[PDB]
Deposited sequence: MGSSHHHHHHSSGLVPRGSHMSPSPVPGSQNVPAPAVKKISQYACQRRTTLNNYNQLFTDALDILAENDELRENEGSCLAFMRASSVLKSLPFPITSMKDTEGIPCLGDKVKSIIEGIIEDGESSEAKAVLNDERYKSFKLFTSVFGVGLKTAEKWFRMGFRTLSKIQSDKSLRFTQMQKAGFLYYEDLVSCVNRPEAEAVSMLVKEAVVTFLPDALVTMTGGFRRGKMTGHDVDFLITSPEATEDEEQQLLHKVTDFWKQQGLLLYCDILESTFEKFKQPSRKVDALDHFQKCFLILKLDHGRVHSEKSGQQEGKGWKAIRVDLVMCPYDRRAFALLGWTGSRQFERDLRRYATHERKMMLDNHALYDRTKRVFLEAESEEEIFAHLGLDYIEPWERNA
């Protein structure tokens, strides 16, 4: 029997139903842009269960017993089996509101609100936006346009590994005992990604040392002419669990990666890097949260509430019946507390 929760499935990078999940991913993106939460969530769950399957869907009998697939999803599956394409998703791909949303949000610093504001102002290309004498861009959007070609072209495992070394070298200069862990998609065994995420924690660090680290590291890169963009968000952490973002201290950077650190034109590459500074006692929760994937986390939180009367987030796990916070030194302990079998990072690609 296949579970409706991504956290009770193994989802590797081997997808047998990519023609189906591409269509569902487009329809989900279309409902996410039109804000429609309900439909959007059902398509992501459908697309997610299909990625977990150890076989391709060739007939409608192949959908029997698979959760998450209702009358609409089955109609899209039946459409792809017949013509080999989705008329529903092809419609969305030719739709100007989607093309424009996909294009505008692809800029670093432009989200759903700016993309819609621009689409309603009659804009359809990034060229017309930059040429427009009236528009005023945020320091973030100015960075996003200035390094667009570098950011829109995915980062790879040699580059991510070159960034990891660079991050580690900067951190251990200020905190020798610091543990730096590459999270996100790369930790899930991905070959490519848009950014490289990191989790920094230090057992021997003082409270002042934890707060001043991201400033010490970013100014160090600024002095070396490597910092292209920087935004440090201060910690709001305590801790009341609620039914988003993390309260950990973090920063969103664009780093200059010299080609000589990887194995040309510029001699460097603009790379989007996220650094998350977390207290040592909360490290497993932060590592479980920043590893992802989005759907895996959503289902970990969903399973915890609905099947266990527990509240999980990036900071802690709370048992609602025992009225106590559950302590964990590893991701394996969080899974244990939840009553789940451990899922390896490269099996969380839901």
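Unmodelled regions (deposited sequence positions with no C-alpha coordinates, counted from 1) are 1 to 38, 277 to 278, 284 to 286, 307 to 313.
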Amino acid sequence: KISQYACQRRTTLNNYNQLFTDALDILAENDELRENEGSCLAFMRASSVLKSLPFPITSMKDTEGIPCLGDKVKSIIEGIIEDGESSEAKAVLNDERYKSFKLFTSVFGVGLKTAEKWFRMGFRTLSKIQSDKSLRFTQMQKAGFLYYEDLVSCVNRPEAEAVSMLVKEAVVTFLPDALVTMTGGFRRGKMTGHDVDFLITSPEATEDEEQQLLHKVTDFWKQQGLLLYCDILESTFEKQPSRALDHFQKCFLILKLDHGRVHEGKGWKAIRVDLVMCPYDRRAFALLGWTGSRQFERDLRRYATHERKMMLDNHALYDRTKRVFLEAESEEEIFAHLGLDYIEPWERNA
From here on, numbers count along this sequence of modelled residues.
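For the segment pair 31 to 39 and 305 to 313, the entry gives 31 to 39 the higher mean B-factor, averaged over Cα atoms. Between 153 to 161 and 204 to 212, the higher mean Cα B-factor belongs to 204 to 212. Of the candidates 276, 254, 110, 262, it is 262 whose Cα B-factor is highest according to the PDB record. Out of 239, 142, 272, 188, it is 239 whose C-alpha atom has the highest B-factor in the PDB entry. When all modelled residues of the chain are sorted by CA temperature factor, residue 199 is found within the lowest third. Looking at the C-alpha B-factors along this chain, the one for residue 60 belongs to the highest third.
Ranked by C-alpha B-factor against the other modelled residues of its chain, residue 116 falls in the middle third. The entry lists a Cα temperature factor for residue 231 that places it in the lowest third of the chain's modelled residues. Compared with the other modelled residues of the chain, the Cα B-factor recorded for residue 72 ranks in the middle third.
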